[PDB]
Structure formats: structure tokens, C-alpha cells
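Scroll down for the structure; my scribbles are underneath it.
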Amino acid sequence: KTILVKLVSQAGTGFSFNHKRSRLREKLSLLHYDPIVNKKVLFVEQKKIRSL
Amino acid sequence: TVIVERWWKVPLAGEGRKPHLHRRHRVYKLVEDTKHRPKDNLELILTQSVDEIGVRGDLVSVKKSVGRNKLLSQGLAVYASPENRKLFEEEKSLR
Amino acid sequence: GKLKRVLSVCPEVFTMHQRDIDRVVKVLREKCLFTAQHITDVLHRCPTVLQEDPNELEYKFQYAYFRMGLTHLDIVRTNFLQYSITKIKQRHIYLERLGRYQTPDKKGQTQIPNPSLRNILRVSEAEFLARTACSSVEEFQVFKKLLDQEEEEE
Amino acid sequence: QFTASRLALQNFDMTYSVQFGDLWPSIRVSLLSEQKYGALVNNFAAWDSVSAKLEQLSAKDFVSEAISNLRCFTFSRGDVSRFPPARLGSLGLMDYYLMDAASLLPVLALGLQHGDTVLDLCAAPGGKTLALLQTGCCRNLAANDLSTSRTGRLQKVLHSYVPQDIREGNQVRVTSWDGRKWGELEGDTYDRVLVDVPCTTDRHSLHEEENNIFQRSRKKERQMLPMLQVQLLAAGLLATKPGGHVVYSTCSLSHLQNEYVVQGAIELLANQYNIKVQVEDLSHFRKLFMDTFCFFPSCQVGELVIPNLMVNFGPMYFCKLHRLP
RNA sequence: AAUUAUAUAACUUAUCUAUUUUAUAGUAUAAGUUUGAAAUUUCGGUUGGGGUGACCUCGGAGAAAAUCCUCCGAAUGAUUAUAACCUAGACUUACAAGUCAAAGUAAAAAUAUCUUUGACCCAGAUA
RNA sequence: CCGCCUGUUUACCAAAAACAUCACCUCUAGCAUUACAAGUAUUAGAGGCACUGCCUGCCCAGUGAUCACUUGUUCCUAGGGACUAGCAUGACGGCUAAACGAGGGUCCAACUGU
RNA sequence: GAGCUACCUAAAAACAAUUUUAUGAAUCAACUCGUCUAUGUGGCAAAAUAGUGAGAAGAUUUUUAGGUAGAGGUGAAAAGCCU
Ligand SMILES: [Mg+2]
Ligand SMILES: [Mg+2]
Ligand SMILES: [Mg+2]
Ligand SMILES: [Mg+2]
Ligand SMILES: [Mg+2]
Ligand SMILES: [Mg+2]
Ligand SMILES: [Mg+2]
Ligand SMILES: [Mg+2]
Ligand SMILES: [Mg+2]
Ligand SMILES: [Mg+2]
Ligand SMILES: [Mg+2]
Ligand SMILES: [Mg+2]
Ligand SMILES: [Mg+2]
Ligand SMILES: [Mg+2]
Ligand SMILES: [Mg+2]
Ligand SMILES: [Mg+2]
Ligand SMILES: [Mg+2]
Ligand SMILES: [Mg+2]
Ligand SMILES: [Mg+2]
Ligand SMILES: [Mg+2]
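Protein chains in written order, with PDB author numbering: chain 1, 14 to 65; chain H, 50 to 144; chain y, 174 to 327; chain x, 37 to 104, 125 to 381.
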């Protein structure tokens, strides 16, 4: 099974995007483009949306 | 008392005119039933001595049931109207 | 004499509130379709029923009526209600899985004669396993724990 | 309007009662009830860490105790405790596989010898492969499955447990073709081969309503099972090299699907193709595993395992066949 | 079968009286809960007519652009160094939905490969 | 053969083996000024069902034997008490029974333009 | 709308002869019903006529006036009857 989760930007902005990960693995963290800051920054998982 | 409210809007009628109602305007919902409200007290001025309440001329706040069934009906008390207050206070001052 | 036994077993019958007594009686009548005479029989025979709350007595009766296929008279004669649900399920389910018990069909017939209810419940567990089921004591203990797990999952 | 499960129950009662006599009540109860799982470590990353953790919980490996390349942890006699779900390891592989311990008997008694090549004729997701891969220290291997989706399911299992490097070696190859047709393609190819014919899966048949062989529509399929089982067994018998070993395994209890299937394979092999298959006794193996397994020796061929409440690890039937030429 | 159901029958909480030192009695009514006498409404499609079966959407292979023709699969999963915004010109198509993409700008030092679902209304979640 | 019998029914295609019926059985109810009823458990209402006799009658707790253990059901903590001696099975068949019928069949005699 | 029909209330009425007995007995008129066959089929008749049949002192038949009304009434249940 897999779960849809919400990755939140740690730049101080509220920008977020949804990604997929299997429920077995650990919480995700990633680098992604933040439009409001116009730079690549870290996105850290904060909440779970749904199970798919 | 039961207070009700329409489900359906009634279009405005005008200044001197009355709205024309339809069969859908007869559907109601209950906003409140007054009997379930918290009870109030009644203000009275005693006219004769009575146990555990007072002697004479002293305003007392009593449950509505007691005031209407015992004090007023038996003549032991009078309504705390402005005139009744004025007469009793003057007698107390002169005494 | 009926009062004497009731008073000894259930001293609180007088103390109990009106509501509690009525519910036990009402369940026996409206939901269990017991006759007037049987109701007096059950109360006298097993006074503890009054203490038992409703929605548990109804389940116990329906368990026998539907799952075990017993009739009104059989329940009254054997004092079925006296026994606890845990004992009923532990023993009956064990026999059913073994194939030694059969729910009566729609026609009312059974291919194999079912064991007598007294043998199932009234007798001791050691005799019940040794004679009625011809099983081992250890197996029953394992089954009881397994049944407990299933109820927890349920 | 009998359900599929009821048909399975009815058929078992009429036949199993006669075959097993007074043991039918004991077998019947141990099927409808809960099953016991046995944890199998992944070796690799989980060789040390998880095994110590499981031992601290008092779960004891039966294979290790009996010996006193495969170690499978099982609970104490009559213990109802479960196993915690498998957890993801640091190195990137799953900690352990939980499976029916008796399902591993065909592997343990296959007489593995180093420097060999093995084939799995019909192992859909079966751990019988994953466990074999652990045993396949120095062995190239192959896998074939009739189905398509079930084949992919195996590959996913391989990812989680088998490290890629090993998979990169030709030892891991995925194929999905008819087993009987496979016999012509690769005759006398592998020294050791395991043939697990599709069986009635009695335990699953009663429990599972969906896709049950006992459904009315699948009656023709059910009736023809023994013939198809013989065909698959014969094909594997041809494929195994001269002097090779093959094992016939089934989940069912029916005498028809166990002894007749193997006897036909031997008879068909014996006459038409001028080959001789000589059975290898597993009696000593039976005694060693007495503590953790329950069985009865009536069957002429194979070591049938039955479900008992004390040790509810059945039912497994596995027969060993060695091709002398 | 779905939707209701102060027909009765029970209770419970208020309200109104009695008492009682909190307390048990009752009850021209309101709000709940339990029973159900009744009330309104309906009976998908293709498979001769039945009887058991099935089948209804999307993709792949044969017949070869027909079929109730012959078969297999799908309502995902794995790995991802994380794949922005903006915009000529086209495919596909009754409608709706679905594909591909130059230049420009921006992050970095350009595309993630495997290869398949669901409109509108109406309710959510947070910032 | 069916139904016990006299009775009843589809006005206008069915009169019967259907319905009712004496007999027998189950369920509900402790009571007054408009039915039941100016009545009160040998009473009233609701329902089922041929009668009659005749075989088949078994969920009383088991063994000892009015007595002891073993059970069971409960509590108080594996110990300690309490309760189970003011009672005591049941479920079918073949029966018919003379009489009776504008009921459905089989047969003999007589009779006749069938 | 119960002047037909279903059931009920009140007040009235009819029943020969013969054999049994002492009666939901018997033979068979009056009277009530309608088994079977033929005729008739825009018929004498929107259910009849001619024969032949069942009951006939009873749960019998008949007259007069009153009652129950359609989400209903009545029913020795034919889903019968209510112009
Ligand atoms: Mg570009
Ligand atoms: Mg008759
Ligand atoms: Mg007659
Ligand atoms: Mg009549
Ligand atoms: Mg007629
Ligand atoms: Mg007649
Ligand atoms: Mg007629
Ligand atoms: Mg009748
Ligand atoms: Mg007749
Ligand atoms: Mg003659
Ligand atoms: Mg009249
Ligand atoms: Mg008239
Ligand atoms: Mg006369
Ligand atoms: Mg008539
Ligand atoms: Mg006569
Ligand atoms: Mg006559
Ligand atoms: Mg007469
Ligand atoms: Mg009828
Ligand atoms: Mg009819
Ligand atoms: Mg008319």
C-alpha cells in the first residue's frame, strides 16, 4: 500500500506539493523549487492526506 | 410558548401591501420553546408578618409559584409597583 | 415457596427499582415470545436473571433459538439461561467445528442425532471432553485462547 | 443455494472422514481455526540483528534445534503468540518473511548440493523461491509461472529481499510459459527441480469465498485437476538431468491428488521413455522433525503433514523423486 | 424493497401541582428514545420463451475495415539525482475529455524511467 | 376413493373432495353503568383442528441409595462459605363406525329404437 | 345510495296426509331451492321454458318497519355481495 503526503517548504513560505510514498518506508524529505523565493530549498513531510 | 420560523423565503410586499403566501410557506422549524427557559423571580412587598421571609415593608424576591399561590392570593403581599414602594417607604421613615 | 427461593438467591428484588424489574419482564414477553406461565417458571428457577441487564438476555436467548436450534420448552426445562455465554460458546463452538453438532435444518431434521444439552453444559468439563467430545484437555485450552483472540479482533 | 465454502465443506466431509477414519474430527477442527506462522530471516542484513531480537522473545528456530543454510524461527509448543509485522531494515531490505513453516519442508529435504542449477516450475509468489534463493549459495536459478500478475508479484518480493547484485547474475530470470510446453524446450537441463502443481488449497478454499475451485462454474476445472497435475509432473521429470532430483508437493489432503499423480508420472516415465525413478526414503527426516511437526505415515508415497491444534502448521504433502538415469 | 410513521404501547427530560426534607407521587404541553397499525413510491439492459449461468467500462493479440467471433490483461507498483513558469504551430474528437511541442524567462550545471479510470452539483482540509 | 352426519357457497359457465359443524386442543384476561354484560375463571375473547378407542410416550443431575460423594450455579478470598430434597417424562402410526351423499369410479340383473 | 343483495334488531305469520317415535327421524304435497338433459340464443326471458331432480317441524321458510357506507361496511372465505 502507499499513502499520499504533503511536503511543506522550510523556507518560511507556506508552499507545498503532494507526493507519494509507500507506508513502509520512512517519512520523506526532498529538494524542490520554491516559486516565492525563486531558489531550491528543502521540503519536509508535515501531514498525511490520504491512503491510495 | 412555541416560536417557529419559515424554511422558505417570503418576497417583500411593499409599504402598505401584504405578502401573498403559498403552500410552501406553511413549513416551519422550531426556534425556541419558552417553557424551557431559566426561571425568574418575583418582586413583592410584604404587608403582614410571615415566617422565614420577612415582617412588613421589605422587598422580597420569591419564586413565581410561591408568590402567586400563597402571598398574593392570601393578601399577605402586594405588588412592588412604584406607587406601592412609595407608600411603604414613607411609613417606614415616619415610624 | 417460590418467593423463598427468590429471596435467598436475589435479596435485592425488593430493593430494585420499578424500571429494572419491568425491562427484564418486558424483554421476556415482547422480544422472546414467552408465555405467561413460563415467565413465572424462569424467574423462580433462576432468580439471577433479574440482576442481568437487558440486551444480554435477549442475545443469549437468540443464540439458542437460532444458532443452537433449541425450542422454548427446551430452554425452560434445562435452565439454559442460568449458564454464562462464555461457557455456551466455548463448548458449543468446539463441538460444531468437530462436526459433532448440527443446526436443525428448515424442515426440522438432523442427519446425525445431536448431543443432549445436559451433556453439553450440565456435566463437568472433564467428563464433557472425555465422553461427549472424546477430545484432549490441552486442545480445549488452546481453543479457548484462540476464541478469545477472535473476539478481540471482532 | 449453497455457497462455495459450503460445497468445499460437504465434499471434504464425505471423503476425508473415510480416508482418515477417527482422525477426521481432529483435522476438521484445526482447519477452521487460526493458523500458525513461522518467521524466516532474510540472512543478508538481518542475519544477526533480528535473530537475536526474536530469540529474546523466546521464539526458537526448529531447524537450528534439530541440527543440534536455512534458519526459521517458530514459537513454543502450543504457544498462540503472533509475530510482529516485518519491518524495513537499515540496509534497504525487509527484515524477515512470515510463512507457514511446513511449506518449507520440500526445500529442507531436497538434499541441496553445492554447484547446482534449479528451476521452479510453478511458484507464483511463493516463499519457496525466496527461501530457495537464500539456499542457492552457489546455484543459478530459474522461475516459471503460468499467470502474469502473479509472476510480477514474485519479482517485487525479490526486490525487497534479494540484493540487486545477486539478481544481476543470471541466477534470477523471470518467465511465464506453460509448464508442460516448457518440458520440450529444456530437456535434461537442471540437476534439481521443484514442481508444485496447483492444488485444491483446502485451507484457503473454506476461508476464501472469491475464486474458489469449488464454485459451480469451475467444476470442470476441479474434475480435471489430477490429469493436469500429472502432465506438469511428467514434464519436469523429463527436464531434470540424468541423476537429478525432483520433489512433488501439494497442499491438498486427497489421496487421488497425491499418490495417483506421482504413480502415473513414474508409470508414464517408466514405460514410454525407458527411464526409472527410484523414491528416496524420508523416514529419518520424519523422526528428526517430530517435535515441531505432526503427521501420519499411512501414505505409501510422500510425507503428508496434517493440521493439529497443538501444532497447526499443516497441511503439507511433499514426495521426493530421484531420476536414476 | 426504499422513505416516513404524536395508530397504539412504553419509558426519559423539562413544564405545572402536591407533598418531602433534598424526597417520592402525579401531568390539558414541548423535546428525545423505543416498539410498528398504517402511508407514499419503484420493479435497468442484452442474451429466443423459460431454468442455471453469465455479461454491460478501458487496453493488447487473431480473424483482417462486422461479430453474441478466438484469447490475455486494467482499475497499479517500483525506483526517482524532483521535472518551474510562460508560449508559435499541430495531432486526436459529434460534444466532453485526451496527446506533442520551437522560441523567451527561471532554477540548476537540459527529460525520472518502467507502460489503463469517473463529469457537475454538493460537502471537506488547512492557511 | 374422499368427506363423519342435517346444513352453506362463486345472483348470470364450478354445489364439490372446499366452508361450517358437535367433540377435542392452544393462547389472552381478576373487572361494572351504551358493545362484551346489567355478565365475573365451570366466565369471556382469539385461533387451530374430524370423533372414537389402540400401539408407539421420555432433556426428573449422575452414581451410591430416606442417606454420602461427584457435578452444576454463585460469592468471599487455592483456601473459604452459600445454593441445588416442600417436584418426577412423552409423539407417533395404523385405526375406523354404523349411518349418510343430485360427490368421483367398478360391477350384476332387468329394461329398452342407444 | 342497504326498496337489490350480505348480516343484524323489533313486531308478526305459515307448515296437509301417512309411518315412526319423541326426532337438524321417514315417505311425500303446499312452499323454498336448482342436479341432469334437450329447446331457446336480438330469446316469452339482458339467465327463461319443458321435463327430470334436493329439502320439506327446522342451522326451516315468509311479511312489515329500522340499522351498519367506500382509506368503509358485511362475509358458515367464493378475494362472495353492497340497485
Ligand atoms: Mg525551449
Ligand atoms: Mg359432506
Ligand atoms: Mg345436503
Ligand atoms: Mg349465508
Ligand atoms: Mg354460477
Ligand atoms: Mg349437492
Ligand atoms: Mg350449477
Ligand atoms: Mg374443509
Ligand atoms: Mg353430494
Ligand atoms: Mg349384463
Ligand atoms: Mg331491508
Ligand atoms: Mg324484499
Ligand atoms: Mg304436519
Ligand atoms: Mg342460492
Ligand atoms: Mg335424503
Ligand atoms: Mg325427498
Ligand atoms: Mg324432515
Ligand atoms: Mg379459497
Ligand atoms: Mg382464488
Ligand atoms: Mg352497479
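No residue lacks a Cβ here, since even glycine has one placed at the ideal position from N, Cα and C.
Beta-bridge pairing of residue i - partner residues as DSSP gives them
| i | result |
| --- | --- |
| residue 241 (chain y) | BP columns for residue 241 (chain y) are empty, so no partner. |
| residue 176 (chain x) | 199 (chain x), 250 (chain x) |
| residue 94 (chain H) | 108 (chain H), 127 (chain H) |
| residue 16 (chain 1) | 34 (chain 1), 64 (chain 1) |
| residue 47 (chain H) | Lying before the first or after the last residue shown, residue 47 (chain H) is absent from chain H, which here runs from 50 to 144. |
| residue 379 (chain x) | 333 (chain x) |
| residue 53 (chain x) | Its beta-bridge partners do not exist; DSSP assigns none. |
| residue 76 (chain x) | 128 (chain x), 153 (chain x) |
| residue 77 (chain H) | 55 (chain H) |
| residue 103 (chain H) | 99 (chain H) |
| residue 351 (chain x) | 361 (chain x) |
| residue 44 (chain 1) | 55 (chain 1) |
| residue 301 (chain x) | 248 (chain x), 378 (chain x) |
| residue 306 (chain x) | 373 (chain x) |
| residue 29 (chain 1) | 21 (chain 1) |
Contacts of residue i in chain x (Cβ-Cβ under 9 Å)
| i | result |
| --- | --- |
| residue 315 (chain y) | 69, 134, 136, 365, 366, 368 |
| residue 263 (chain y) | Within 9 Å Cβ-Cβ: nothing; residue 263 (chain y) doesn't reach chain x, min ~13 Å. |
| residue 275 (chain y) | Per Cβ cutoff of 9 Å: no residues; residue 275 (chain y) is ~11 Å from chain x at best. |
Residue i: contacting residues in chain y (beta-carbon distance under 8 Å)
| i | result |
| --- | --- |
| residue 64 (chain x) | 270, 271, 272 |
| residue 49 (chain x) | 272 |
Which of helix, strand or coil DSSP assigns to residue i
| i | result |
| --- | --- |
| residue 98 (chain x) | helix |
| residue 374 (chain x) | strand |
| residue 50 (chain 1) | coil |
| residue 57 (chain 1) | strand |
| residue 21 (chain 1) | strand |
| residue 357 (chain x) | coil |
| residue 217 (chain x) | helix |
| residue 267 (chain y) | helix |
| residue 340 (chain x) | helix |
| residue 221 (chain y) | helix |
| residue 257 (chain y) | coil |
| residue 113 (chain H) | helix |
| residue 138 (chain H) | helix |
| residue 367 (chain x) | coil |
| residue 234 (chain y) | helix |
| residue 311 (chain x) | coil |
Chain x contact residues for residue i, given Cβ-Cβ distances below 7 Å
| i | result |
| --- | --- |
| residue 319 (chain y) | 69, 70, 136 |
| residue 225 (chain y) | Chain x residues near residue 225 (chain y): none, gap ~30 Å exceeds 7 Å. |
Within chain x, partners of residue i - CB distance below 8 Å
| i | result |
| --- | --- |
| residue 282 (chain y) | Those do not exist, as residue 282 (chain y) stays about 17 Å from chain x at its closest Cβ, beyond 8 Å. |
| residue 311 (chain y) | 134, 366 |
| residue 322 (chain y) | 70, 136 |
Where residue i meets chain y, residues with beta-carbon distance less than 9 Å
| i | result |
| --- | --- |
| residue 162 (chain x) | Here the premise fails: no neighbours, minimum Cβ distance about 27 Å. |
Partners in chain y for residue i, counting only beta-carbon separations shorter than 7 Å
| i | result |
| --- | --- |
| residue 353 (chain x) | Neighbours of residue 353 (chain x) on chain y: none; closest Cβ ~21 Å, over 7 Å. |
| residue 371 (chain x) | Going along chain y, no residue has its Cβ under 7 Å from residue 371 (chain x), so there is no contact; the nearest lies around 16 Å. |
(message) Please give me, in chain order, every unbroken run of the beta strand (DSSP E) with length at least 3 that falls completely inside the stretch 128-185 of chain x.
(response) 128-130, 152-155, 172-176
(request) Mind listing, in chain order, the continuous alpha helix (DSSP H) runs of no fewer than 4 residues lying wholly within the stretch 219-299 of chain x? (result) 220-224, 235-241, 258-263, 275-279, 281-295
(request) Identify every run of the beta strand (DSSP E) within the stretch 283-323 of chain y, keeping only runs that are complete inside it and at least 3 residues long; order them along the chain. (result) none
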